Amino acid sequence: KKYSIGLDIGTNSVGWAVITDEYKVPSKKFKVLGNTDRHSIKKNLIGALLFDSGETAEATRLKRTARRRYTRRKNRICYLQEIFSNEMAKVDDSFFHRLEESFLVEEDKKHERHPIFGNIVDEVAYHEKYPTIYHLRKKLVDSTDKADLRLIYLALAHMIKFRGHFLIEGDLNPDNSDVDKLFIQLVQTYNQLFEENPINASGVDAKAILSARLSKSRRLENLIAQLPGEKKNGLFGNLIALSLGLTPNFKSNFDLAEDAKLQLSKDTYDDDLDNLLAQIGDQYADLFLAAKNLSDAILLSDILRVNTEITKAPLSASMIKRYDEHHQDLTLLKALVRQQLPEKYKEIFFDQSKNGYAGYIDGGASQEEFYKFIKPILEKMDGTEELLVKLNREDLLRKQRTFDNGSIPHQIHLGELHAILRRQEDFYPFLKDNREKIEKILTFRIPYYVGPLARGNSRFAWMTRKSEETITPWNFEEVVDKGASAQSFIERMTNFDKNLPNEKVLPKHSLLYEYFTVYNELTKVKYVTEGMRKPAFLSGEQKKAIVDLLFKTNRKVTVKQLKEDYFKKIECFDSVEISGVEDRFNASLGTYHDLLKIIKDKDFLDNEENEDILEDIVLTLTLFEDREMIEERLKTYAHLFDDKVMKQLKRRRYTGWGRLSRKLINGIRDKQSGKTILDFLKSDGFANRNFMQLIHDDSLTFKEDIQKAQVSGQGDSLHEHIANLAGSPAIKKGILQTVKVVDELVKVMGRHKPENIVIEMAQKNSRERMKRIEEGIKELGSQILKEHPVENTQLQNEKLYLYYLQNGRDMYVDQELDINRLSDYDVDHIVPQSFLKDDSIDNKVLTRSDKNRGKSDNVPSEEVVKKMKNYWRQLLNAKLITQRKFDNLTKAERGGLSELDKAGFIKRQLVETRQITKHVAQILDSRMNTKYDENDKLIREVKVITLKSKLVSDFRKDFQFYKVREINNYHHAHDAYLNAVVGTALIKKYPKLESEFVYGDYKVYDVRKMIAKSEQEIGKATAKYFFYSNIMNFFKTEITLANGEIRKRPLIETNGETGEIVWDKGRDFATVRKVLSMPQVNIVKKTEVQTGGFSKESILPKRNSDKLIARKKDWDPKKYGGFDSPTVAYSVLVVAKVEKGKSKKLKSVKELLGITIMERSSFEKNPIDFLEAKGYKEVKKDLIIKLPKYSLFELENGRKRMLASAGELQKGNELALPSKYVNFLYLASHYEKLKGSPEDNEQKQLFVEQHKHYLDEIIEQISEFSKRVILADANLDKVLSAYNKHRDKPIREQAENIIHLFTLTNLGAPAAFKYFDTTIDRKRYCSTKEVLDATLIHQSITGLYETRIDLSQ
DNA sequence: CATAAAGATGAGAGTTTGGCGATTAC
RNA sequence: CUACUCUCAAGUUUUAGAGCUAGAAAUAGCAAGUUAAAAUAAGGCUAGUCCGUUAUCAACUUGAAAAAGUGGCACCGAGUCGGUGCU
DNA sequence: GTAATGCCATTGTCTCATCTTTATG
């Protein structure tokens, strides 16, 4: 008959339930297909689908880019060999061939085993002459003699293969990069800028001091020690500290009132420097620029350590020096160890298993592990100086190829490559002919805006070709259409506004965007002067004046500057108070002041004709990062300014994107008003509506415009609708599964669509509240922390946290609270629970008795507000409480609670803020409702109700339908059922509130029809729904107000307008409890083929094991190593015969074979050939069964297993624990944190104590379940033993640990768990043999329709 | 001389659950 | 708030970096250790300086595929669902 | 010879606690 569907959408589960009109879940008989003797099963229409989380595409993206990088590097090497080929053929015929075959063993190698020269003599000579490649490189850079072409290729190939990073753009040279020249330039600029009492620095050795390997502070102090005239707090000292990476404070150098901190690494240094420079002038700009340059020099100096000018290749010389120091330190270490500590020498240099030196060189031991291993050895021995200062500086026995080399720019390798090519240029003519070619190979980098160089067969590529020839680094400029490629790049990278599709989102640093957010924050500001005594919103002229005078003059505008430089200067207001914002305005016009610094034309920035130009420049600087394409895209504006500010503009870069588009902010226009969003922000009369309020408010056309355009952006298929959503792929997967669940459920119900579909979308904090308490105490001045010290761990208690939040004072009475008598003290709600269900700290106060609030059922009376307003104002301005809490505390002074407040509460409880939920409701509504009439009106047969989780949660807490997620997976289905119940109750009780929850166009009924005037005038004869603003009151039998008066509600709740019973407080709660108590809930684990990586990525050494997998076709893993541990895509049941014994007699077998992900395509191409290659004969082709992961098997006594693999199983059963034990567990574990009234808490406490034997009964229940199903008797014995060991412990702790015990019985993969301090390790099901003779159960998405196959055959 | 703030040197972790080799038992 | 481009440096793995002295070996004393090539999902055809780890997937029928179809209703109960009447 | 019972996992990231140094009253 009539029914409704409840849904609980999550990221790992989708709960679903079908309910009738009497809130009952139907139980139906379903047909069972297959070849067994079971043809029917009785199932309840309630369940939950389980599935693995959807994964994000990040890992795939990284892997893809890595593959591209490897490919392109190999192609670079192929280019180099292509240039060297013809001339190498005359010198050596099989050089490159030997290099290519370097990996093969001598047996499989067709050429000589020696790569470079082919004979052992020249190899030994080469390695002894050059023990590292940097020796050969340094020779080829510093030797004029002719060198062998093979070694030249080795150097060039090493510099090209590992070419270095590309973060620094352009040429690099010592004139603008070395520390010496930049230090001289810095002190020259310094002395030039002052010249009166200047600093003279001639004896100092800036290189030796700054480049030395020591801590930053010690280098600073050593340089100050080298300058007797300067001090650490001086200007030069603060500049050096800034250049080294410290956080210097410039207040003492200029006596500034506000602290100005500078950090070069911080992204906001430039504008901070611009503020600083604005105070002292722009003459010091180049000084700080040189400081920045000096900082870069120091970083460059950390790599360029051997920059002594003797060599021309700084890097290779530095690696040589590192080699030499390594050799010296090594020999010294061996000498010292052999002399002083003969024992354990083998452990350091021979063992290699415990991270010794042999582990550092030959084993898998990092540099930090080797240092950690040898630090106590060096500390114990004598004569270990110099090695330890090198160890602490992380420069002891370093290798030449380490993790630090990522900092090496590619200009260095380019320099060495140019040097080598120039030295051997005349000796080899083809180096003269192909110098720029090789240089281009090293320097060429594919731009971001070009992307993959495809030819139509790449899903990710977009570039356009101006020819039909192989793209090389040399002809890239004349084959790649950079213009069209950049245009396509723009079109792809521009995301569309979620509110309005088909319109590009503006950059995050767009001028119009910053104006929008600045006005959006400014419009919510209220000011009170001396006389009006009522809050007044800012007028249009006031907003424009404030913006122009403050926001267009300073990057940061604070409330003090606002009252001092506007209200006092223009409005002549001495004292002003502002509530809208806190310390300062979060929004700012950063881009405005940036462009003002660039072009120095304030009037040009305010011309409304130049808006599009500036927006285009900002868009260009946001989209691109390459200097050349920026130069190309800024040539049109060359006539506006040129050669200074254009250059400075090209160096400026912006990053980020906004959420709104231009057409939304200043495009679409209200038909009646004729004002855009920004126009409404600037001027809106008395009341000022913010952006979110204009979208919400139905009196304007903006909501209609956003709604009518929503269906234009979307597509026709379900996949496109889900792909367009704004969420993680996991919740999108859950949404698709939800849609399919709905489809299957309406199929099960004879293709009858439901009436309703209810949808629910399923240490730092302690530190923040602790800091809040400390800041409030420091601001106030009451040293409660001195007399009563507390830590962040103890502050989780509600009454103690409120005690410290309220300055250790009673909120209603002028007396101090007793620190050690909080149990006698009560926690009161500022706004009663009868009006709004808010149990947060934002709406709670602590007092000795809640009778001091007075006799009213509203906010606390005026007699207390008038007395405590001063103390509440001190707690307000001290950030002890928030603005909303102060507003609620002082509501009686402004009449008390009002109709607007109650409507705000209703909207807070009933409306869903999450956009994804509205889009899911839209998808289900579009799929369910598709009929029309004669007119162009949509017939809405199915109502899609959107509920908040708080409603169902409070429903559980109020009527003891407690949720314990750790027991089983039934709670998803139960949540779905309760969602259905609450949704149907609300739609039956309040039809006029359909527009709040039900999706679609609906009436706009306001507060007048709903909110009643008074308690006695409930209004049953006038349609008024409720006097008390809490929507969930009709479920309750009694309503306890804040005074203690117990209001009574009828036993049967009925709708006022239609006279339909909506809730029977006896029969319906009994029905709900019975439904939650049902043990047969359809839990289905979505069977999924496994995809992704073939195996573990580890490349293991060679081994005599057939589990190893070849890394290349002809790389036999017994000789070469490879991978192991492949992932099984799915398992395959094979019934065939295998050869047994010497005589190879054919024996019939039935077994599971794991088809790995790598094997999948080959197996599916021809299964029989694959199986015969595996050894199977006479395979029964028609009996092959594909068994993906989580395939379900039943064996005996209802015991179930899920397939994890071809050789392993998971638990397949659910423990249907009775409701009374679930509620007992919830209550026992929530002993101290009940968070309820004292009487209620006492009832729960006495229930726990009177029912403490449920602990033993739950243990018994787990035991019998495990013996029937789990069959892990070692762990069960462990559990029972531990439980007997800890029967003395408190009830709460035993409850908490039984909660941990339910992982033994949970559905899915076995997992380890802890009972108190005893760890119980997982018992695995390491054989799939038994399920080859069990019943396989193929399940529908809902688990209702099934087919059972008896694999005995 | 005492208290508060910032930076540096080690501390662990950074899921889960399937594969594989050693181990143990019949 | 997902998706995307370009790119670096390590790691790991086989070979090249001859090991020297005794001893029938087993095993002992020492000398050196820092680097390089190649691969970095097997591979694929569309042969690109492209693609290969995301999404998607119970069973059965028809199809190469996108995709269409296939499973009676009440009542009394509730240990993973059972029983009875109707049809 | 066959069937049932601890370690490892490609990454360049985190955050917390204690000690030392500098600044202010």
# chains A, B, ... in the order shown; residues from 1 in each chain; ligands from 1

$ residues_around --residues "stretch 181-189 of chain A" --least-positions-apart "3" --cutoff "12 Å" --atoms "only C-alpha atoms (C1' of nucleotides)" --output "PyMOL selection string"
chain A and resi 173-178+192-195+198-202+204-207+209-210+235-236+239-240+243+283-298+301

$ residues_around --residues "stretch 41-52 of chain C" --least-positions-apart "2" --cutoff "6 Å" --atoms "only C-alpha atoms (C1' of nucleotides)" --output "number ranges by chain"
A: 72, 75, 454-455

$ residues_around --residues "residue A:1011" --least-positions-apart "4" --cutoff "10 Å" --atoms "only C-alpha atoms (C1' of nucleotides)" --output "list in words"
residues 898, 899, 900, 902, 903, 906, 1006, 1007, 1018, 1019, 1023, 1024, 1025, 1026, 1027, 1028 and 1029 of chain A

$ closest_atom_pairs --of "chain A" --to "chain D" --cutoff "12 Å" --atoms "only C-alpha atoms (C1' of nucleotides)" --output "CSV"
residue,atom,partner,partner_atom,distance
A:63,CA,D:10,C1',11.6
A:217,CA,D:21,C1',9.7
A:218,CA,D:21,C1',11.2
A:221,CA,D:21,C1',11.8
A:232,CA,D:22,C1',10.8
A:233,CA,D:22,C1',10.7
A:248,CA,D:22,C1',11.5
A:249,CA,D:23,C1',11.1
A:252,CA,D:23,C1',11.3
A:402,CA,D:12,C1',11.7
A:403,CA,D:12,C1',8.1
A:404,CA,D:12,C1',10.1
A:405,CA,D:12,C1',11.6
A:406,CA,D:12,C1',9.3
A:407,CA,D:12,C1',11.7
A:763,CA,D:15,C1',10.9
A:764,CA,D:15,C1',10.8
A:1095,CA,D:9,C1',10.3
A:1096,CA,D:9,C1',6.9
A:1097,CA,D:10,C1',6.7
A:1098,CA,D:10,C1',7.0
A:1099,CA,D:10,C1',9.7
A:1100,CA,D:8,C1',12.0
A:1124,CA,D:9,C1',11.4
A:1125,CA,D:9,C1',9.7
A:1126,CA,D:9,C1',11.9
A:1272,CA,D:5,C1',11.9
A:1274,CA,D:5,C1',11.2
A:1321,CA,D:6,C1',11.2
A:1322,CA,D:5,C1',11.0
A:1323,CA,D:5,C1',8.8
A:1324,CA,D:5,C1',8.9
A:1325,CA,D:4,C1',9.3
A:1326,CA,D:4,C1',7.7
A:1327,CA,D:4,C1',8.4
A:1328,CA,D:3,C1',11.7
A:1329,CA,D:3,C1',10.4

$ write_last_selection --atoms "N, CA and C atoms" --output "mmCIF file, in the first residue's frame"
data_model
loop_
_atom_site.group_PDB
_atom_site.id
_atom_site.type_symbol
_atom_site.label_atom_id
_atom_site.label_comp_id
_atom_site.auth_asym_id
_atom_site.auth_seq_id
_atom_site.Cartn_x
_atom_site.Cartn_y
_atom_site.Cartn_z
ATOM 1 N N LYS A 63 51.351 9.299 -10.349
ATOM 2 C CA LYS A 63 51.922 8.215 -11.146
ATOM 3 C C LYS A 63 51.997 8.575 -12.625
ATOM 4 N N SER A 217 71.476 31.434 14.520
ATOM 5 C CA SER A 217 71.738 32.370 15.606
ATOM 6 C C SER A 217 73.229 32.463 15.909
ATOM 7 N N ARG A 218 73.953 31.343 15.823
ATOM 8 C CA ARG A 218 75.384 31.390 16.112
ATOM 9 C C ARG A 218 76.145 32.095 15.001
ATOM 10 N N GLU A 221 75.444 35.824 15.720
ATOM 11 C CA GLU A 221 76.249 36.280 16.849
ATOM 12 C C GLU A 221 77.728 36.366 16.496
ATOM 13 N N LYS A 232 73.449 43.482 18.011
ATOM 14 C CA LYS A 232 72.448 42.556 17.488
ATOM 15 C C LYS A 232 71.113 43.251 17.248
ATOM 16 N N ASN A 233 70.775 44.242 18.073
ATOM 17 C CA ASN A 233 69.514 44.972 17.939
ATOM 18 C C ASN A 233 69.606 46.137 16.954
ATOM 19 N N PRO A 248 63.148 38.849 13.073
ATOM 20 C CA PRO A 248 63.541 40.040 13.829
ATOM 21 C C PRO A 248 62.382 41.000 14.032
ATOM 22 N N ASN A 249 62.491 41.790 15.101
ATOM 23 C CA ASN A 249 61.506 42.802 15.471
ATOM 24 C C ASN A 249 62.130 44.182 15.303
ATOM 25 N N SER A 252 62.141 48.435 18.090
ATOM 26 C CA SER A 252 63.155 49.229 18.769
ATOM 27 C C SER A 252 63.984 50.058 17.797
ATOM 28 N N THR A 402 72.452 12.666 -2.476
ATOM 29 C CA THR A 402 71.609 12.655 -1.286
ATOM 30 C C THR A 402 70.351 13.476 -1.548
ATOM 31 N N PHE A 403 69.497 13.563 -0.524
ATOM 32 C CA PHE A 403 68.225 14.277 -0.652
ATOM 33 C C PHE A 403 68.397 15.791 -0.759
ATOM 34 N N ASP A 404 69.572 16.334 -0.423
ATOM 35 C CA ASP A 404 69.763 17.780 -0.486
ATOM 36 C C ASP A 404 69.861 18.291 -1.916
ATOM 37 N N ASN A 405 70.212 17.423 -2.877
ATOM 38 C CA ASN A 405 70.487 17.876 -4.236
ATOM 39 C C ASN A 405 69.262 18.431 -4.958
ATOM 40 N N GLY A 406 68.061 18.341 -4.372
ATOM 41 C CA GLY A 406 66.877 18.911 -4.971
ATOM 42 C C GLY A 406 66.953 20.419 -5.041
ATOM 43 N N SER A 407 67.771 21.040 -4.178
ATOM 44 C CA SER A 407 67.918 22.488 -4.139
ATOM 45 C C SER A 407 68.832 23.023 -5.242
ATOM 46 N N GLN A 763 42.599 17.044 20.136
ATOM 47 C CA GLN A 763 43.539 17.759 20.991
ATOM 48 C C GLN A 763 43.597 19.239 20.641
ATOM 49 N N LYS A 764 43.314 19.586 19.382
ATOM 50 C CA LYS A 764 43.351 20.979 18.957
ATOM 51 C C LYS A 764 42.289 21.805 19.670
ATOM 52 N N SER A 1095 50.988 -4.464 -7.817
ATOM 53 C CA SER A 1095 51.619 -5.118 -6.679
ATOM 54 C C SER A 1095 52.219 -4.044 -5.787
ATOM 55 N N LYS A 1096 52.828 -4.475 -4.682
ATOM 56 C CA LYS A 1096 53.733 -3.608 -3.942
ATOM 57 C C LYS A 1096 54.794 -3.064 -4.887
ATOM 58 N N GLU A 1097 55.163 -1.800 -4.697
ATOM 59 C CA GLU A 1097 56.107 -1.174 -5.611
ATOM 60 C C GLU A 1097 57.553 -1.558 -5.310
ATOM 61 N N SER A 1098 57.817 -2.178 -4.151
ATOM 62 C CA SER A 1098 59.173 -2.537 -3.750
ATOM 63 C C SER A 1098 59.814 -3.455 -4.782
ATOM 64 N N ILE A 1099 61.027 -3.114 -5.195
ATOM 65 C CA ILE A 1099 61.808 -3.922 -6.126
ATOM 66 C C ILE A 1099 62.759 -4.777 -5.302
ATOM 67 N N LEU A 1100 62.410 -6.047 -5.117
ATOM 68 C CA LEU A 1100 63.086 -6.923 -4.177
ATOM 69 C C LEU A 1100 64.326 -7.545 -4.825
ATOM 70 N N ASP A 1124 56.970 -8.537 -5.767
ATOM 71 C CA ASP A 1124 56.090 -9.588 -5.301
ATOM 72 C C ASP A 1124 54.847 -8.934 -4.718
ATOM 73 N N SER A 1125 53.995 -9.748 -4.103
ATOM 74 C CA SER A 1125 52.773 -9.288 -3.455
ATOM 75 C C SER A 1125 51.810 -8.634 -4.445
ATOM 76 N N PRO A 1126 51.347 -9.336 -5.486
ATOM 77 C CA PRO A 1126 50.335 -8.739 -6.358
ATOM 78 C C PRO A 1126 48.965 -8.712 -5.705
ATOM 79 N N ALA A 1272 37.363 -18.599 16.777
ATOM 80 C CA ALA A 1272 38.682 -18.094 17.173
ATOM 81 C C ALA A 1272 38.816 -18.370 18.666
ATOM 82 N N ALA A 1274 41.311 -19.391 20.627
ATOM 83 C CA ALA A 1274 42.433 -18.798 21.351
ATOM 84 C C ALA A 1274 42.116 -17.371 21.784
ATOM 85 N N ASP A 1321 45.478 -10.117 19.206
ATOM 86 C CA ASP A 1321 45.875 -10.074 17.809
ATOM 87 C C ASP A 1321 44.834 -10.756 16.932
ATOM 88 N N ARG A 1322 44.707 -10.257 15.705
ATOM 89 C CA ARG A 1322 43.678 -10.746 14.792
ATOM 90 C C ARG A 1322 43.908 -12.208 14.434
ATOM 91 N N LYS A 1323 42.823 -12.983 14.448
ATOM 92 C CA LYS A 1323 42.808 -14.341 13.916
ATOM 93 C C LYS A 1323 42.315 -14.278 12.482
ATOM 94 N N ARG A 1324 43.162 -14.701 11.555
ATOM 95 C CA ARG A 1324 42.879 -14.633 10.135
ATOM 96 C C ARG A 1324 42.358 -15.973 9.644
ATOM 97 N N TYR A 1325 41.602 -15.910 8.551
ATOM 98 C CA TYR A 1325 41.049 -17.082 7.883
ATOM 99 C C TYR A 1325 41.883 -17.310 6.630
ATOM 100 N N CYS A 1326 43.020 -17.983 6.810
ATOM 101 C CA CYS A 1326 44.057 -18.062 5.788
ATOM 102 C C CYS A 1326 43.860 -19.226 4.822
ATOM 103 N N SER A 1327 42.621 -19.675 4.617
ATOM 104 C CA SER A 1327 42.323 -20.709 3.638
ATOM 105 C C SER A 1327 40.931 -20.475 3.073
ATOM 106 N N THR A 1328 40.817 -20.626 1.755
ATOM 107 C CA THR A 1328 39.563 -20.539 1.017
ATOM 108 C C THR A 1328 39.012 -21.910 0.628
ATOM 109 N N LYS A 1329 39.626 -22.996 1.113
ATOM 110 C CA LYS A 1329 39.243 -24.348 0.718
ATOM 111 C C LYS A 1329 37.783 -24.645 1.042
#

$ interface_residues --of "chain B" --to "chain A" --cutoff "10 Å" --atoms "only C-alpha atoms (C1' of nucleotides)" --output "PyMOL selection string"
chain B and resi 6-9+16-20

$ write_last_selection --atoms "N, CA, C and O atoms (P, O5', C5', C4', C3', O3' and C1' of nucleotides)" --output "mmCIF file, in the first residue's frame"
data_model
loop_
_atom_site.group_PDB
_atom_site.id
_atom_site.type_symbol
_atom_site.label_atom_id
_atom_site.label_comp_id
_atom_site.auth_asym_id
_atom_site.auth_seq_id
_atom_site.Cartn_x
_atom_site.Cartn_y
_atom_site.Cartn_z
ATOM 1 P P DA B 6 56.248 34.238 19.908
ATOM 2 O "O5'" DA B 6 57.499 34.023 18.910
ATOM 3 C "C5'" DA B 6 58.780 34.716 19.060
ATOM 4 C "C4'" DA B 6 59.943 33.749 18.871
ATOM 5 C "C3'" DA B 6 59.704 32.581 17.913
ATOM 6 O "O3'" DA B 6 60.891 32.296 17.191
ATOM 7 C "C1'" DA B 6 60.365 31.732 19.963
ATOM 8 P P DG B 7 60.862 31.888 15.638
ATOM 9 O "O5'" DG B 7 62.280 31.155 15.384
ATOM 10 C "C5'" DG B 7 63.508 31.497 16.114
ATOM 11 C "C4'" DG B 7 64.242 30.242 16.562
ATOM 12 C "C3'" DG B 7 64.094 29.011 15.666
ATOM 13 O "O3'" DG B 7 65.313 28.283 15.639
ATOM 14 C "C1'" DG B 7 63.450 28.442 17.806
ATOM 15 P P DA B 8 65.864 27.594 14.300
ATOM 16 O "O5'" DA B 8 66.910 26.475 14.818
ATOM 17 C "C5'" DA B 8 67.705 26.609 16.051
ATOM 18 C "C4'" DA B 8 67.700 25.310 16.855
ATOM 19 C "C3'" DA B 8 67.588 24.018 16.034
ATOM 20 O "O3'" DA B 8 68.372 22.983 16.602
ATOM 21 C "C1'" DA B 8 65.887 24.063 17.611
ATOM 22 P P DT B 9 69.200 21.965 15.675
ATOM 23 O "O5'" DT B 9 69.496 20.672 16.598
ATOM 24 C "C5'" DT B 9 69.648 20.746 18.044
ATOM 25 C "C4'" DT B 9 68.903 19.612 18.740
ATOM 26 C "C3'" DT B 9 68.811 18.292 17.957
ATOM 27 O "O3'" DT B 9 68.931 17.181 18.841
ATOM 28 C "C1'" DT B 9 66.661 18.984 18.512
ATOM 29 P P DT B 16 43.775 1.492 11.592
ATOM 30 O "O5'" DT B 16 43.438 0.474 10.408
ATOM 31 C "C5'" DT B 16 42.484 0.836 9.426
ATOM 32 C "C4'" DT B 16 42.573 -0.067 8.209
ATOM 33 C "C3'" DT B 16 42.504 -1.569 8.504
ATOM 34 O "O3'" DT B 16 41.307 -2.104 7.953
ATOM 35 C "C1'" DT B 16 44.187 -1.048 6.887
ATOM 36 P P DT B 17 40.849 -3.608 8.268
ATOM 37 O "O5'" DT B 17 41.548 -4.463 7.117
ATOM 38 C "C5'" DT B 17 41.428 -4.075 5.753
ATOM 39 C "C4'" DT B 17 42.439 -4.812 4.902
ATOM 40 C "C3'" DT B 17 42.394 -6.333 5.035
ATOM 41 O "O3'" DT B 17 42.655 -6.953 3.788
ATOM 42 C "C1'" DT B 17 44.529 -5.579 5.603
ATOM 43 P P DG B 18 41.826 -8.251 3.353
ATOM 44 O "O5'" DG B 18 42.814 -9.021 2.364
ATOM 45 C "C5'" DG B 18 43.042 -8.511 1.070
ATOM 46 C "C4'" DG B 18 44.506 -8.612 0.692
ATOM 47 C "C3'" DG B 18 45.041 -10.038 0.549
ATOM 48 O "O3'" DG B 18 45.756 -10.164 -0.673
ATOM 49 C "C1'" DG B 18 46.419 -8.798 2.018
ATOM 50 P P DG B 19 46.102 -11.603 -1.289
ATOM 51 O "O5'" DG B 19 47.601 -11.427 -1.783
ATOM 52 C "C5'" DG B 19 48.450 -10.597 -1.037
ATOM 53 C "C4'" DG B 19 49.916 -10.823 -1.347
ATOM 54 C "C3'" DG B 19 50.370 -12.264 -1.558
ATOM 55 O "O3'" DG B 19 51.503 -12.280 -2.420
ATOM 56 C "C1'" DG B 19 51.155 -11.440 0.560
ATOM 57 P P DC B 20 52.238 -13.639 -2.846
ATOM 58 O "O5'" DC B 20 53.360 -13.783 -1.726
ATOM 59 C "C5'" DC B 20 54.237 -12.688 -1.458
ATOM 60 C "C4'" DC B 20 55.290 -13.059 -0.428
ATOM 61 C "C3'" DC B 20 55.722 -14.525 -0.455
ATOM 62 O "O3'" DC B 20 57.099 -14.661 -0.167
ATOM 63 C "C1'" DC B 20 54.856 -14.016 1.669
#

$ residues_around --residues "residue C:19" --least-positions-apart "2" --cutoff "12 Å" --atoms "only C-alpha atoms (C1' of nucleotides)" --output "PyMOL selection string"
chain C and resi 17+21+30-32

$ residues_around --residues "residue A:970" --least-positions-apart "2" --cutoff "12 Å" --atoms "only C-alpha atoms (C1' of nucleotides)" --output "ChimeraX atom specification"
/A:8,13-17,46-50,963-968,972-977,1075-1084,1213-1219,1222,1306-1307 /C:80

$ closest_atom_pairs --of "chain C" --to "chain A" --cutoff "7 Å" --atoms "only C-alpha atoms (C1' of nucleotides)" --output "CSV"
residue,atom,partner,partner_atom,distance
C:1,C1',A:726,CA,6.2
C:2,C1',A:728,CA,6.2
C:5,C1',A:448,CA,5.3
C:6,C1',A:448,CA,4.8
C:8,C1',A:165,CA,4.9
C:9,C1',A:406,CA,4.3
C:10,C1',A:403,CA,5.1
C:12,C1',A:1099,CA,5.5
C:13,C1',A:1099,CA,5.6
C:14,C1',A:1120,CA,5.1
C:15,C1',A:103,CA,5.4
C:16,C1',A:114,CA,5.6
C:17,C1',A:127,CA,6.3
C:33,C1',A:361,CA,6.9
C:34,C1',A:399,CA,4.9
C:35,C1',A:132,CA,4.3
C:37,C1',A:102,CA,5.5
C:38,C1',A:103,CA,5.4
C:41,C1',A:1094,CA,6.5
C:42,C1',A:1112,CA,6.3
C:46,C1',A:457,CA,6.7
C:48,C1',A:454,CA,5.5
C:49,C1',A:72,CA,5.6
C:50,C1',A:454,CA,5.5
C:51,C1',A:458,CA,6.8
C:53,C1',A:1092,CA,3.7
C:54,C1',A:57,CA,4.4
C:57,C1',A:1088,CA,6.5
C:58,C1',A:1339,CA,4.8
C:59,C1',A:1338,CA,5.9
C:71,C1',A:31,CA,5.4
C:78,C1',A:1078,CA,6.8
C:79,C1',A:1079,CA,6.7
C:80,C1',A:1080,CA,4.8
C:81,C1',A:42,CA,5.9

$ atom_distance --atom1 "atom CA of residue A:658" --atom2 "atom CA of residue A:706"
17.9 Å

$ select_by_dssp --residues "stretch 1025-1259 of chain A" --states "helix (DSSP H, G or I)" --output "number ranges by chain"
A: 1031-1033, 1067-1077, 1117-1120, 1160-1165, 1167-1174, 1181-1183, 1219-1229, 1238-1250, 1254-1259

$ residues_around --residues "stretch 534-546 of chain A" --least-positions-apart "4" --cutoff "12 Å" --atoms "only C-alpha atoms (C1' of nucleotides)" --output "number ranges by chain"
A: 515, 518-530, 550-554, 557-559, 561-567, 569-571, 576-580, 678-689, 894

$ residues_around --residues "residue A:940" --least-positions-apart "4" --cutoff "8 Å" --atoms "only C-alpha atoms (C1' of nucleotides)" --output "list in words"
residues 929, 930 and 931 of chain A

$ write_last_selection --atoms "C-alpha atoms" --output "short mmCIF file (atom, residue, chain, number, x, y, z; two decimals), in the first residue's frame"
data_model
loop_
_atom_site.label_atom_id
_atom_site.label_comp_id
_atom_site.auth_asym_id
_atom_site.auth_seq_id
_atom_site.Cartn_x
_atom_site.Cartn_y
_atom_site.Cartn_z
CA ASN A 929 8.90 12.84 -10.55
CA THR A 930 8.60 12.91 -14.35
CA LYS A 931 4.83 13.28 -15.03
#

$ atom_distance --atom1 "atom CA of residue A:1300" --atom2 "atom CA of residue A:1235"
23.0 Å

$ closest_residue --among "A:714, A:1245, A:226, A:263" --to "residue A:1292" --atoms "only C-alpha atoms"
A:1245
